[PDB]
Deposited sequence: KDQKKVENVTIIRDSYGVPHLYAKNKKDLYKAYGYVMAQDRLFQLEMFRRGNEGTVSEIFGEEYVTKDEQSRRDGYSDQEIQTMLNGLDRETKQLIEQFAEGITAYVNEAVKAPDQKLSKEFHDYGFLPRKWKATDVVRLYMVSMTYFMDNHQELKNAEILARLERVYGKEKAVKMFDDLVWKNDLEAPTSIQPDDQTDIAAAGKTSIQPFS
């Protein structure tokens, strides 16, 4: 256990348990402990979203950075998103970023003890964080589970099938490959359970 205004108890697995008097203090401590534990990971996840990984890891990541920038958002666009949130919520995201930044500032001042090996080996320093960067950390991972181009693959499947087999056969085959609705597919709820 160790105390800003937030008591942090690290258990025997190193998990931090944060005891705060209010949410503003809590969310700053949350960002701080996450940066203490994971700063290089956070930095690289952010670079993934910004399309700046190739600054560190070279040409092998250029096309990935290009895709990220192609489909991503500017800082101003993200700031507009934050400005549309409830005031308190935006402020807590800002506090979280301030906590990450507090650790960054500590680490750059004592890099040999507080900056992890990957920064030393790759020869660069972590930058400070803003609330927009927190949104970037959300987007880099969550959007992966939502984003796909299967419509384009489907169009290509159908077109290739049609050019060899003709339209009527291609349509039947495609309907078996990508069905409209398989009524026998197992479901998590039943129709009569719907609210």
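Asks: Where the model has no C-alpha, note the corresponding stretch of the deposited sequence, numbering from 1.
Replies: Gaps vs deposited seq, in order: 1-2, 6, 199-212.
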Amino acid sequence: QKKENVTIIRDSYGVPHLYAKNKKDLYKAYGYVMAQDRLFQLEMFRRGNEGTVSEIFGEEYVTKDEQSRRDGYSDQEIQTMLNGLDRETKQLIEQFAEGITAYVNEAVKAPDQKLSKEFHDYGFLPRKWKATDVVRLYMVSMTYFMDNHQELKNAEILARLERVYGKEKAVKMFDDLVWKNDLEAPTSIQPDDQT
From here on, numbers count along this sequence of modelled residues.
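Asks: Looking at the deposited entry, does 57-65 or 139-147 carry the larger mean Cα B-factor?
Replies: That would be 57-65.
Asks: If you average the Cα B factors in the entry, which is higher, 161-169 or 45-53?
Replies: Mean C-alpha B-factor is greater for 161-169.
Asks: Among all modelled residues of this chain, ranked by Cα B factor, put residue 11 in the bottom, middle or top third, i.e. lowest, middle or highest.
Replies: Highest third.
Asks: Among the modelled residues of this chain, does the Cα B factor of residue 100 put it in the lowest, middle or highest third?
Replies: Within its chain, residue 100 is a lowest-third residue by C-alpha B-factor, going by the deposited values.
Asks: Going by the recorded CA B-factors, say which third of the chain residue 109 sits in, lowest, middle or highest.
Replies: Residue 109: CA B-factor falls in the highest third of its chain.
Asks: Splitting the chain's C-alpha B-factors into thirds, which one does residue 82 fall into?
Replies: As the PDB entry reports it, the C-alpha B-factor of residue 82 lands in the middle third of its chain.
Asks: Residue 118: which third of its chain by C-alpha temperature factor?
Replies: Its C-alpha B-factor belongs to the lowest third of this chain's values.
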